[PDB]
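Below you'll find the structure I mean.
Residue numbering begins at 1 within each chain, and the chains themselves are lettered A, B, C, D, E and F in the order written.
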Amino acid sequence: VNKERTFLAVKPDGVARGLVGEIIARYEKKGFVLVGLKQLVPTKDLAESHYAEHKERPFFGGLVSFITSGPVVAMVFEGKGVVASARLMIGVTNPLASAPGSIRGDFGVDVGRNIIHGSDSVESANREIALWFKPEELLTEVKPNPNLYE
Amino acid sequence: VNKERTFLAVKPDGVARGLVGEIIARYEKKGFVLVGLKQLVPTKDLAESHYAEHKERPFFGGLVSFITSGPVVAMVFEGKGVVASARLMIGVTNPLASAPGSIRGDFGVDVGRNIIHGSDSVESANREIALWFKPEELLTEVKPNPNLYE
Amino acid sequence: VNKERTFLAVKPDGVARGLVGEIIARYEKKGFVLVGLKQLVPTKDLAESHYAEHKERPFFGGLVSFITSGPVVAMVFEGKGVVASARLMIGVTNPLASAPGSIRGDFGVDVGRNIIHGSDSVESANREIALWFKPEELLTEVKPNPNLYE
Amino acid sequence: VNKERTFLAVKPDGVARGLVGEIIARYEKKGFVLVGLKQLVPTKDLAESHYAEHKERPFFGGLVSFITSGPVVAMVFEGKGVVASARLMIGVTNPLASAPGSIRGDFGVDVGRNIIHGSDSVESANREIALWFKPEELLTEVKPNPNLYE
Amino acid sequence: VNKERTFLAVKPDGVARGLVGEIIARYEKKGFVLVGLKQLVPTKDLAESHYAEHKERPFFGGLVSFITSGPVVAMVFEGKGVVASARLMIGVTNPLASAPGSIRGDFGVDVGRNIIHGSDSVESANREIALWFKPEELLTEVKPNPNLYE
Amino acid sequence: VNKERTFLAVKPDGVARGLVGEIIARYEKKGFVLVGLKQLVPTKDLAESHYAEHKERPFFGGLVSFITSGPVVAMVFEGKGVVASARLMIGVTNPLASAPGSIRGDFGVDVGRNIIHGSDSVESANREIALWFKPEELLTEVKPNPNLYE
């Protein structure tokens, strides 16, 4: 619509590296509205339900261990085309091949340490949102700048 | 002392102007650790307890009315002297009198729209953390860059 | 040549969003020289002469109404390949498909609210320049850093 | 008071060092509104009236000679206490004595090359706006983020 | 490996333009470790050995004259895929065709004045490193953040 | 006076936290010229001479032990009043008491981890430059933006 939402998670590395404010600000600058925000230490269950599509990927184990190893900053951003757009702002999986100006392109080197998670579709955003936030955690009242939308 | 915590709140005006990342980043850069973080629309009750000291003052009402009017991003940072330091980083009540480089100095013009709330003392930080955050919402084991403290 | 000029206009949204300084600075950083600069509220005539190529596009009406709805910051930048280069710095029409690091890519979401106008050719730059600035408004004396040009 | 205006001038040195965006952005960020903006090479006459208070001083000549030597970016910002605030944001006469975070503190080293001019009072701002700007060059209806003032 | 190194040189222009801190910081942000750093005025011999592959290119003479015309900030950065990655962060030869967010894309206009040199392969990095630094100038002790590498 | 020089050292903590570019940039922006720059792991002997004034103090040992523990980025900047100015830009001994906008104010929390060393006087700058730098490592002919000094 224009009320599309995405699930973004600043991974433990990213939190550790003090990149939280920097990530949020990129999205705030873009004109996306923060409709949900929290810091938590993901549980094994959440992590596994989160990355369930990767269940049989050789890095799963490590992935799940790492995401649960420290605080994660989870958030939901709402705005027109926010899913595909947050995905672009992030870069690609490998932070080395990520274009400069992208979050990963500017701050990571290693795949295992690629700082942020972003939902890759409306479907998965919807699913991840529900997984990480209770609807009472999410705003109903959205108001970005009127200067953003026609 | 390295464990000291402060209660910081990005007010509805800070949130609508898109200064959340920007603010977190400042504290992140300073070396303070994020032990608690969430976005919520405060409650008249929270709002009133939170501003209890000002109940006999003329702006009390506006204060409470304002705070409850939109999303707030509440957070607690931990670190050596964080209470006094975050105050200095914020500026003074009046943004116009607040020095450039401070949060208020840099982004605010009006007292009732001074973007952020910072605990003014350990006692108050302690009271305010409790008030706004559930124990399970705060990190227990905090890991700050080891380059920060001796 | 190397004395090529382009017409850039920070649209009402962009002005409203306080992105003026930020846009200028990108161009100053790049090494382009500001040879003309002003803030004005475009008239219907200017707007229509400006976007005349779009006269029969379904959004014309809206375009013209919006550009005239508030202050515009018009400017001319001079430098080698400034037209094509300012165009790259801007992104594409849709700020959503605009690469991160581009003005539109970093700050817009909506096409109707894509913050800046940049001439798309030497021809059109020449025409827009003449349309928006009297030659007395334009510098004759250009001096970028000697550190920029061989 | 919310309507108060100040006269700011980015001097020839500020302009050549590419600090125009950078400076506008600071004021933009503060929440001040841009009611007047233009680039011009000052006139000896303008220059002298503008610096009239210093005509009996030794540096008067240099001052006028300097100001008239290249492009200046003149602007008027409106907002509550903007005159005093923009002064604070600028620093003191001597850049070296100006605190980090201020314009002079951050970018200047020498008094005769102190980048910017800011009106020191309402009377002076009023005199200087008139002097440098044509009434039709200033906005009449100013719209500041509504998140700025109570 | 992950201990790969690259030779980066901030050219005289770039030094002149005060872009040194800005370049370094991009690399520090990325997570690369500075294992060697110095400011020197390259000699004709160094310059020619450096750009030996270009010996018969029409710009060689000019290239060599320019690199020797002022201080160069030479440095070595270590990290996974640092060669290809530093090359991406730089842009392409022509700063005009360089993507926004890239060093050249953000700061240059002219090919002759494209601010930085980056080795283009492991081979050439190895060779340039040895050419510009004595092994006593290079760290042996590498420690980037553990937050960077899996 | 325009020729004045200062000794600045980015300490092992400044270096590990990736604040080298960030720090150089500040000084670069101010208009100070980089006359000497290198990365080295200090020597107990250097370290002790350098901190000679504090040999009768309790933290002397820690100081020397700390300094020698990792890479330091030593640099000398030249410019009018640079000694006093760079001090102001650094903050006070205690980062927590250092004002926002200053280096310590912005990035440090602890006295023993206060990121940078700046010469406190001409005599000391002169002594410290000599100590840390070889004459041939310092520029002889310094060219500062001509927009900086009158």
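By definition in this document, contacts are C-beta pairs under 8 Å (C-beta built on N, C-alpha and C of every residue); 3 or more make two chains touch, one makes a residue touch a chain.
Peer 1: From chain B, count the fewest steps through touching chains until chain E is reached.
Peer 2: Minimal hop count between chain B and chain E: 2.
Peer 1: Please compute the C-alpha centroid of chain B, do the same for chain C, then give the distance between them in whole Å.
Peer 2: That gives a centre separation of 39 Å.
Peer 1: Roughly how many whole angstrom separate the Cα centroids of chain C and chain D?
Peer 2: Using C-alpha averages as centres, the distance is 24 Å.
Peer 1: With chain centres defined as C-alpha means, what is the inter-centre distance between chain A and chain E in Å?
Peer 2: 33
Peer 1: What residues in chain C touch two or more of the other chains?
Peer 2: 16, 26, 29, 99-102, 105
Peer 1: Make each chain a node and each touching pair an edge, then name the shape: line, ring, star, complete, other.
Peer 2: Here the contact pattern is something else, fitting no line, ring, star or complete shape.
Peer 1: Hey, which chains are touching each other here?
Peer 2: A-B, A-C, A-E, B-D, B-F, C-D, C-E, D-F, E-F
Peer 1: Can you tell me which positions in chain F touch chain D when the two form their complex?
Peer 2: 26, 29-32, 79-81, 84-85, 88-89, 99-103, 105, 145, 147-150
Peer 1: Provide the residue numbers of chain D that touch chain C in the complex, in ascending order.
Peer 2: It comes out as residues 15-16, 18-29, 34-39, 41, 70-71, 73, 75, 137, 139, 143, 145.
Peer 1: In the complex of these two chains, what residues of chain A are touching chain E?
Peer 2: 12-13, 16-17, 62, 66, 96, 99-102, 105-113
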